[PDB]
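Peer 1: I'd like to ask you about the structure that follows.
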Amino acid sequence: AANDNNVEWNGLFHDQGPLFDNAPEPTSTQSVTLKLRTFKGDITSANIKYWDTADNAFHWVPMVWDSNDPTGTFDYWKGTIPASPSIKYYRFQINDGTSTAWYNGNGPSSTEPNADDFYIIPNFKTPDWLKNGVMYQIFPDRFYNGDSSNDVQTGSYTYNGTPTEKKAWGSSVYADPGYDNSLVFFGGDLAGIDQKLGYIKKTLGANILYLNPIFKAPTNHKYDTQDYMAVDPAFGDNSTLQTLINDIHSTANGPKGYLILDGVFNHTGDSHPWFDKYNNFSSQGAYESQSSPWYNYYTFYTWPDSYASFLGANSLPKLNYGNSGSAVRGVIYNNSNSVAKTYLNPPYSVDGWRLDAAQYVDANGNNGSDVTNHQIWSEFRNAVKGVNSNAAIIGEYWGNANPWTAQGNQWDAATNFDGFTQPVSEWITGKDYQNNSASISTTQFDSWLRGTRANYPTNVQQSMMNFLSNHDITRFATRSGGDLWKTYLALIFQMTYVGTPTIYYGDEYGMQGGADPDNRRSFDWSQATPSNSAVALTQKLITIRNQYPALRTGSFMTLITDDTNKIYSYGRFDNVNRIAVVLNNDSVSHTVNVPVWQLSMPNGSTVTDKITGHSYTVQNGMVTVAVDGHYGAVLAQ
Ligand SMILES: [Ca+2]
Ligand SMILES: [Ca+2]
Ligand SMILES: [Ca+2]
């Protein structure tokens, strides 16, 4: 508020939203103009300090005063980083006389940071439909049996000496004595998914479908691939897939949709002809003969029983990617008829790939997270984007996936376990996603969220797969002990946060479930109606996100972190809208004075809480709103 040898952190702000960055996804020829907010008349000088990888050196760009915001409460300073194809990282040095502060991806700091700088990755682009959409994940066998004739029946077939077992819809997922949990089937198929597209694209509003494995495999999950080129008969055939894809892409049954498939490229099942451990094919697999034409596709320590596999599971023999140009890299992604390209090109034209166990992909049986792994995912990107620049690549990773995204040469994003699923779980349910006791306060939540966002480039952040739960962790509804209000709170946050809101089938109505396989229960369609509280909220929240671009690609600013009342408030805003989200994580209601002046909401102007429908007036930079415990409001204008 004045030149007093003091930089006020509360008035400072910057991120790569439209108000502060004119080129979030620049090419080699586009310069980047940045704006830094501060309280009006608070500083004396500011400078942009950026590291240029082309020059392995720091560069300085003094900033100049640009303007004030409509409310005359803040100043905006600007500076431009020149154009070039090189990746750069920047931070701000902010001075007010004898007071100096720094600011980067992690926010304000008294001392200069050495990490979490903002990213500038020329020519790096993630599909905008991914940044702006809402995803719905489906575990095929448990969503909807659209065709009873292709159902796996009890004893239909055997796998490793165990018969398959069919279950009545709604029954327990656990295998009865004599059967295996991996061979329990309910009948869910592609025809069913197709027949329920209205529910997904209209009742809910989700425009993106992500499916767990659908290719030929003996198990329930099908991560033990037997044939990447054929849809498993239990789910239909390749034509059944084409029809589904066309109906998903169609706008005659709702909004234009996108299809993302699960790509299991680190390994195959042990029954794949390349391996053929049980001799299910006349051809000779690697397990059968060292003269097998596919022998080299795998790594044997002691042929044929000891070989590299996924975490020791013999049913999952690991693929050897060898050096560039290898036959394996060829069948998986380089060949026009490879698994990756086949489904991306017509007559399929799917829209993306979810990369299973992506961190392990490697050569000679090694375990990835190395130079070879990253080289492979680099060529993978080239192969994919070369066929469809708008095809999504989302790798599976439970920690900081910066290594596979920050270079702009590998994935578009990743499964946001670390930056979304875990923090949300611990804040709202007091448990980690494994249902183990782990709780965090509101201030910790906000700190966790910011720190994890800072791990990634802005476009990557906006494309992260943010799910409350999935096929590998306990259901949110179980972690919350059945308290549906906790699901309410989780949904409101999910639909208003940075990254692709991802709904694991059932979560929208509060489905429960423990650890795999109980987290893959059949879907109860009588609960699949807005008559169900959670469902109605979901539809409403999705409608809201689609209505406000600021919610998908806008800036994110922390507004309130109250650990006594358990209130968390943040804003999402761009050049058109300003939205203050207010969440009540307490078990009682609270009346909150939201400081919407921080988002520059003019006084006297009104805002509407899209959740309830009630309207409010901005008084003295504030907006007073009463919020129920474990619930929230979305004040937009
Ligand atoms: Ca000052
Ligand atoms: Ca079926
Ligand atoms: Ca054979």
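In the structure tokens, each chain is lettered A, B, ... as it comes, each chain's residues begin at 1, and ligands are numbered from 1 in order of appearance.
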Using only C-alpha atoms, which residues sit within 8 Å of range 190-206 of chain A once same-chain residues fewer than 5 positions away are excluded, as a PyMOL selection string?

Peer 2: chain A and resi 133-136+140+143-147+235-236+240-241+244+247-248+253-255+257+528-530+535+538-539+542-543

Peer 1: Near residue 72 in chain A, within 9 Å and counting only C-alpha atoms, which residues show up once chain neighbours fewer than 4 positions away are dropped, as a compact mmCIF listing (two decimals) with N, CA and C atoms, in the first residue's frame?

Peer 2:
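Written file, around.txt:
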# COMPACT_ATOMS: atom_id res chain seq x y z
N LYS A 40 -1.44 -1.62 -4.92
CA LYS A 40 -1.16 -0.36 -5.59
C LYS A 40 -0.09 0.45 -4.85
N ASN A 68 -3.47 -0.34 -13.40
CA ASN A 68 -4.12 -0.68 -12.14
C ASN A 68 -5.28 -1.59 -12.52
N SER A 600 -10.63 -8.84 -7.46
CA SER A 600 -11.05 -7.59 -8.07
C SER A 600 -12.51 -7.57 -8.48

Peer 1: Got a sec to check which residues lie within 7 Å of ligand 3, using only C-alpha atoms and all ligand atoms, and send them as a list in words?

Peer 2: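 Counting only C-alpha atoms and all ligand atoms, the residues within 7 Å of ligand 3 come out as residues 273, 276, 279, 280, 281, 282, 283, 284, 285 and 288 of chain A.
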
Peer 1: Here is a test: counting only C-alpha atoms and all ligand atoms, which residue of A:458, A:25, A:95, A:304 is nearest to ligand 1?

Peer 2: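 When distances to ligand 1 are compared using only C-alpha atoms and all ligand atoms, the smallest one comes from A:95.
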
Peer 1: Near residue 562 in chain A, counting only C-alpha atoms, which residues have an atom at most 10 Å away, once you skip same-chain residues fewer than 2 positions from it, shown as a compact mmCIF listing (two decimals) with N, CA, C and O atoms, in the first residue's frame?

Peer 2:
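As a result, out-v3.txt now contains:
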# COMPACT_ATOMS: atom_id res chain seq x y z
N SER A 441 -4.68 -30.34 7.85
CA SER A 441 -5.50 -29.16 8.09
C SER A 441 -5.70 -28.43 6.77
O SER A 441 -5.13 -28.81 5.75
N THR A 442 -6.50 -27.37 6.81
CA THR A 442 -6.77 -26.58 5.62
C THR A 442 -5.50 -25.89 5.11
O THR A 442 -5.23 -25.89 3.91
N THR A 443 -4.71 -25.31 6.01
CA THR A 443 -3.48 -24.65 5.58
C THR A 443 -2.53 -25.66 4.92
O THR A 443 -1.86 -25.34 3.94
N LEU A 559 -7.61 -17.82 -1.17
CA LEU A 559 -8.31 -16.70 -0.54
C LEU A 559 -8.45 -16.84 0.97
O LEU A 559 -8.28 -15.87 1.71
N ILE A 560 -8.78 -18.05 1.43
CA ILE A 560 -8.94 -18.30 2.86
C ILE A 560 -8.46 -19.70 3.24
O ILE A 560 -8.78 -20.67 2.56
N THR A 564 -9.32 -23.16 12.14
CA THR A 564 -10.18 -23.24 13.32
C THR A 564 -11.61 -23.58 12.91
O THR A 564 -12.27 -24.40 13.54
N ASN A 565 -12.08 -22.96 11.83
CA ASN A 565 -13.42 -23.21 11.33
C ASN A 565 -13.38 -24.19 10.16
O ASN A 565 -14.42 -24.59 9.63
N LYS A 566 -12.17 -24.59 9.77
CA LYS A 566 -11.97 -25.52 8.67
C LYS A 566 -12.55 -25.00 7.36
O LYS A 566 -13.17 -25.75 6.61
N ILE A 567 -12.34 -23.71 7.09
CA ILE A 567 -12.84 -23.11 5.87
C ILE A 567 -11.72 -22.90 4.85
O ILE A 567 -10.65 -22.39 5.19
N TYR A 568 -11.96 -23.31 3.61
CA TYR A 568 -10.98 -23.16 2.54
C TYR A 568 -11.63 -22.40 1.40
O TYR A 568 -12.67 -22.81 0.87
N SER A 569 -11.02 -21.29 1.00
CA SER A 569 -11.56 -20.51 -0.09
C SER A 569 -10.48 -20.10 -1.08
O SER A 569 -9.40 -19.66 -0.70
N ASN A 584 -16.58 -25.63 3.16
CA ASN A 584 -16.69 -25.81 4.59
C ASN A 584 -16.35 -27.26 4.88
O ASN A 584 -17.14 -28.16 4.57
N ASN A 585 -15.18 -27.49 5.47
CA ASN A 585 -14.75 -28.84 5.80
C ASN A 585 -15.10 -29.21 7.24
O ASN A 585 -14.71 -30.26 7.73

Peer 1: Could you give me, as JSON lines, every chain A residue with an atom at most 7 Å from ligand 1, plus its closest atom pair and distance in Å to one decimal, counting only C-alpha atoms and all ligand atoms, rows ordered by chain then number?

Peer 2:
{"residue": "A:1", "atom": "CA", "partner": "ligand 1", "partner_atom_place_in_ligand_line": "1 (Ca)", "distance": 5.7}
{"residue": "A:2", "atom": "CA", "partner": "ligand 1", "partner_atom_place_in_ligand_line": "1 (Ca)", "distance": 4.5}
{"residue": "A:3", "atom": "CA", "partner": "ligand 1", "partner_atom_place_in_ligand_line": "1 (Ca)", "distance": 4.4}
{"residue": "A:4", "atom": "CA", "partner": "ligand 1", "partner_atom_place_in_ligand_line": "1 (Ca)", "distance": 4.7}
{"residue": "A:5", "atom": "CA", "partner": "ligand 1", "partner_atom_place_in_ligand_line": "1 (Ca)", "distance": 5.8}
{"residue": "A:6", "atom": "CA", "partner": "ligand 1", "partner_atom_place_in_ligand_line": "1 (Ca)", "distance": 4.1}
{"residue": "A:7", "atom": "CA", "partner": "ligand 1", "partner_atom_place_in_ligand_line": "1 (Ca)", "distance": 4.6}
{"residue": "A:8", "atom": "CA", "partner": "ligand 1", "partner_atom_place_in_ligand_line": "1 (Ca)", "distance": 6.0}
{"residue": "A:42", "atom": "CA", "partner": "ligand 1", "partner_atom_place_in_ligand_line": "1 (Ca)", "distance": 3.8}
{"residue": "A:43", "atom": "CA", "partner": "ligand 1", "partner_atom_place_in_ligand_line": "1 (Ca)", "distance": 5.3}
{"residue": "A:96", "atom": "CA", "partner": "ligand 1", "partner_atom_place_in_ligand_line": "1 (Ca)", "distance": 5.6}

Peer 1: Could you give me the residues within range 131-284 of chain A that DSSP places in strand (DSSP E or B), as a ChimeraX atom specification?

Peer 2: /A:135-138,158-159,162-163,165-166,184-185,208-211,215-216,227-231,258-263,267

Peer 1: For residue 359 in chain A, list every protein, DNA or RNA residue within 9 Å, evaluated using only C-alpha atoms, and leave out those in the same chain fewer than 5 positions away; present the list as an NGL selection string.

Peer 2: :A and (266 or 367-370 or 373-374 or 395-397 or 404)

Peer 1: If we count only C-alpha atoms, what is near range 425-434 of chain A at a cut-off of 10 Å, once residues fewer than 4 positions away on the same chain are taken out, given as a ChimeraX atom specification?

Peer 2: /A:417,420-421,438-446,468-470,472-481,483,486-487,489-490,514-515,566,584-586,630

Peer 1: Once you have the residues from the selection above, write them out as a compact mmCIF listing (two decimals), in the first residue's frame, restricted to N, CA and C atoms.

Peer 2:
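File selection_8.txt, as written:
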# COMPACT_ATOMS: atom_id res chain seq x y z
N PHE A 417 -2.45 -38.75 -8.53
CA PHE A 417 -2.54 -39.31 -7.18
C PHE A 417 -1.95 -38.35 -6.15
N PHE A 420 -3.68 -34.49 -6.20
CA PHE A 420 -5.12 -34.38 -6.07
C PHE A 420 -5.76 -35.43 -5.17
N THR A 421 -5.74 -36.68 -5.62
CA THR A 421 -6.35 -37.77 -4.88
C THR A 421 -5.93 -37.87 -3.42
N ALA A 438 -4.66 -40.65 8.10
CA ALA A 438 -3.77 -39.58 7.63
C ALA A 438 -4.64 -38.35 7.41
N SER A 439 -4.45 -37.35 8.26
CA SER A 439 -5.24 -36.13 8.19
C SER A 439 -4.40 -34.87 8.04
N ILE A 440 -4.95 -33.88 7.36
CA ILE A 440 -4.24 -32.62 7.18
C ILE A 440 -5.21 -31.46 7.39
N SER A 441 -4.68 -30.34 7.85
CA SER A 441 -5.50 -29.16 8.09
C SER A 441 -5.70 -28.43 6.77
N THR A 442 -6.50 -27.37 6.81
CA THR A 442 -6.77 -26.58 5.62
C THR A 442 -5.50 -25.89 5.11
N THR A 443 -4.71 -25.31 6.01
CA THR A 443 -3.48 -24.65 5.58
C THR A 443 -2.53 -25.66 4.92
N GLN A 444 -2.49 -26.88 5.45
CA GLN A 444 -1.62 -27.92 4.90
C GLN A 444 -2.15 -28.36 3.53
N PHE A 445 -3.47 -28.47 3.43
CA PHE A 445 -4.11 -28.85 2.17
C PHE A 445 -3.68 -27.86 1.09
N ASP A 446 -3.94 -26.58 1.32
CA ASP A 446 -3.59 -25.54 0.37
C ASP A 446 -2.10 -25.55 0.02
N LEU A 468 -11.22 -38.90 -7.55
CA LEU A 468 -11.37 -39.09 -6.11
C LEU A 468 -10.90 -40.49 -5.72
N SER A 469 -11.01 -41.42 -6.66
CA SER A 469 -10.60 -42.80 -6.45
C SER A 469 -10.57 -43.53 -7.79
N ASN A 470 -9.99 -44.72 -7.82
CA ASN A 470 -9.97 -45.50 -9.05
C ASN A 470 -9.76 -46.98 -8.73
N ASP A 472 -7.36 -48.88 -8.31
CA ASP A 472 -6.24 -49.33 -7.49
C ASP A 472 -6.23 -48.82 -6.05
N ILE A 473 -7.28 -48.12 -5.64
CA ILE A 473 -7.36 -47.60 -4.28
C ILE A 473 -8.77 -47.76 -3.73
N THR A 474 -8.93 -47.55 -2.43
CA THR A 474 -10.25 -47.67 -1.81
C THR A 474 -11.16 -46.53 -2.26
N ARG A 475 -12.46 -46.82 -2.34
CA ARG A 475 -13.46 -45.84 -2.75
C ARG A 475 -13.55 -44.68 -1.75
N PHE A 476 -13.73 -43.47 -2.27
CA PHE A 476 -13.84 -42.28 -1.43
C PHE A 476 -14.97 -42.46 -0.40
N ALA A 477 -16.11 -42.95 -0.87
CA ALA A 477 -17.28 -43.16 -0.01
C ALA A 477 -17.01 -44.09 1.17
N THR A 478 -16.03 -44.99 1.02
CA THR A 478 -15.70 -45.90 2.10
C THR A 478 -14.77 -45.19 3.06
N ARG A 479 -13.82 -44.46 2.51
CA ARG A 479 -12.88 -43.70 3.33
C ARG A 479 -13.65 -42.68 4.17
N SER A 480 -14.72 -42.13 3.60
CA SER A 480 -15.52 -41.14 4.32
C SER A 480 -16.50 -41.79 5.29
N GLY A 481 -16.40 -43.11 5.45
CA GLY A 481 -17.28 -43.81 6.37
C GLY A 481 -18.75 -43.74 6.02
N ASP A 483 -20.37 -41.09 4.87
CA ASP A 483 -20.93 -39.75 5.00
C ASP A 483 -21.01 -39.12 3.62
N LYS A 486 -19.44 -35.65 2.71
CA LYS A 486 -18.02 -35.59 2.40
C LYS A 486 -17.84 -35.74 0.89
N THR A 487 -18.69 -36.57 0.27
CA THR A 487 -18.63 -36.74 -1.18
C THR A 487 -19.08 -35.43 -1.83
N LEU A 489 -18.67 -32.37 -0.67
CA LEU A 489 -17.52 -31.47 -0.58
C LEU A 489 -16.45 -31.82 -1.60
N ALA A 490 -16.12 -33.11 -1.69
CA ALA A 490 -15.10 -33.58 -2.63
C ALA A 490 -15.45 -33.22 -4.07
N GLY A 514 -13.75 -51.32 -0.72
CA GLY A 514 -12.45 -51.36 -0.08
C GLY A 514 -11.35 -51.51 -1.11
N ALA A 515 -10.27 -52.17 -0.72
CA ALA A 515 -9.15 -52.39 -1.61
C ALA A 515 -9.51 -53.36 -2.72
N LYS A 566 -12.17 -24.59 9.77
CA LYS A 566 -11.97 -25.52 8.67
C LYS A 566 -12.55 -25.00 7.36
N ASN A 584 -16.58 -25.63 3.16
CA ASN A 584 -16.69 -25.81 4.59
C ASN A 584 -16.35 -27.26 4.88
N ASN A 585 -15.18 -27.49 5.47
CA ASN A 585 -14.75 -28.84 5.80
C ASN A 585 -15.10 -29.21 7.24
N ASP A 586 -15.83 -28.32 7.91
CA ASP A 586 -16.23 -28.56 9.30
C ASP A 586 -17.50 -29.40 9.36
N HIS A 630 -19.35 -29.53 5.60
CA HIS A 630 -19.05 -30.48 4.54
C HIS A 630 -19.86 -30.18 3.29

Peer 1: Write out as CSV a residue-level contact list of range 249-308 of chain A versus range 211-224 of chain A with cut-off 12 Å: for each qualifying residue the closest pair of atoms and the distance in Å to one decimal, counting only C-alpha atoms, rows sorted by chain and residue number upward.

Peer 2:
residue,atom,partner,partner_atom,distance
A:258,CA,A:211,CA,11.2
A:259,CA,A:211,CA,8.0
A:260,CA,A:211,CA,6.6
A:261,CA,A:211,CA,5.4
A:262,CA,A:213,CA,5.2
A:263,CA,A:213,CA,7.2
A:264,CA,A:223,CA,6.3
A:265,CA,A:223,CA,9.5
A:266,CA,A:223,CA,10.1
A:267,CA,A:224,CA,7.7
A:268,CA,A:224,CA,5.4
A:269,CA,A:224,CA,3.5
A:270,CA,A:224,CA,7.0
A:271,CA,A:224,CA,7.9
A:272,CA,A:217,CA,8.2
A:273,CA,A:217,CA,11.3
A:275,CA,A:224,CA,11.6
A:280,CA,A:218,CA,11.7

Peer 1: Of the candidates A:37, A:358, A:447, A:471, which one gets nearest to residue 516 in chain A if we count only C-alpha atoms?

Peer 2: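 Distance minimum relative to residue 516 in chain A lands on A:471.
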
Peer 1: Mind the document's chain letters and residue numbers, and return as a list in words the residues of range 15-131 of chain A that DSSP labels alpha helix (DSSP H).

Peer 2: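 So, restricting range 15-131 of chain A to alpha helix (DSSP H), we get residues 128, 129, 130 and 131 of chain A.
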
Peer 1: Would you mind exporting the chosen residues as a JSON list (two decimals), in the first residue's frame, restricted to N, CA, C and O atoms?

Peer 2:
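Now in result_31.json:
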[["chain", "number", "residue", "atom", "x", "y", "z"],
["A", 128, "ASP", "N", -6.42, -29.15, -25.85],
["A", 128, "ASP", "CA", -7.32, -28.28, -25.12],
["A", 128, "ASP", "C", -8.62, -28.95, -24.71],
["A", 128, "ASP", "O", -9.21, -28.59, -23.68],
["A", 129, "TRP", "N", -9.08, -29.94, -25.47],
["A", 129, "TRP", "CA", -10.31, -30.62, -25.08],
["A", 129, "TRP", "C", -10.06, -31.34, -23.76],
["A", 129, "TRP", "O", -10.99, -31.54, -22.97],
["A", 130, "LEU", "N", -8.81, -31.73, -23.51],
["A", 130, "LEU", "CA", -8.47, -32.43, -22.27],
["A", 130, "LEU", "C", -8.50, -31.44, -21.11],
["A", 130, "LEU", "O", -9.00, -31.75, -20.03],
["A", 131, "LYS", "N", -7.94, -30.25, -21.34],
["A", 131, "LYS", "CA", -7.91, -29.21, -20.31],
["A", 131, "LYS", "C", -9.32, -28.74, -19.95],
["A", 131, "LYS", "O", -9.59, -28.40, -18.80]]

Peer 1: CA of residue 54 in chain A and CA of residue 83 in chain A, how far apart in Å?

Peer 2: 11.9 Å

Peer 1: Just the number, please: distance in Å from CA of residue 375 in chain A to CA of residue 52 in chain A, one decimal.

Peer 2: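 It comes out at 22.2 Å.
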
Peer 1: Kindly indicate which residue among A:595, A:501, A:293, A:188 lies nearest to ligand 2, using only C-alpha atoms and all ligand atoms for the distances.

Peer 2: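 For ligand 2, the nearest of the candidates is A:188.
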
Peer 1: Would you mind listing what lies within 9 Å of residue 615 in chain A as an mmCIF file with C-alpha atoms, in the first residue's frame, with only C-alpha atoms counted and same-chain residues fewer than 5 positions away left out?

Peer 2:
data_model
loop_
_atom_site.group_PDB
_atom_site.id
_atom_site.type_symbol
_atom_site.label_atom_id
_atom_site.label_comp_id
_atom_site.auth_asym_id
_atom_site.auth_seq_id
_atom_site.Cartn_x
_atom_site.Cartn_y
_atom_site.Cartn_z
ATOM 1 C CA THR A 606 -23.463 -9.238 -7.669
ATOM 2 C CA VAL A 607 -22.407 -12.885 -7.713
ATOM 3 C CA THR A 608 -24.413 -16.101 -7.675
ATOM 4 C CA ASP A 609 -23.795 -19.258 -5.666
ATOM 5 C CA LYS A 610 -24.342 -21.792 -8.447
ATOM 6 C CA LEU A 635 -19.799 -17.503 -6.123
#

Peer 1: Within 10 Å of residue 452 in chain A, counting only C-alpha atoms, which residues show up once you throw out same-chain ones fewer than 6 positions away? Write them as a PyMOL selection string, please.

Peer 2: chain A and resi 105-106+116+399-402+416+418-420+423+446+461

Peer 1: Given only C-alpha atoms as the basis, pick out the residue of A:353, A:570, A:398, A:76 nearest to residue 19 in chain A.

Peer 2: A:76
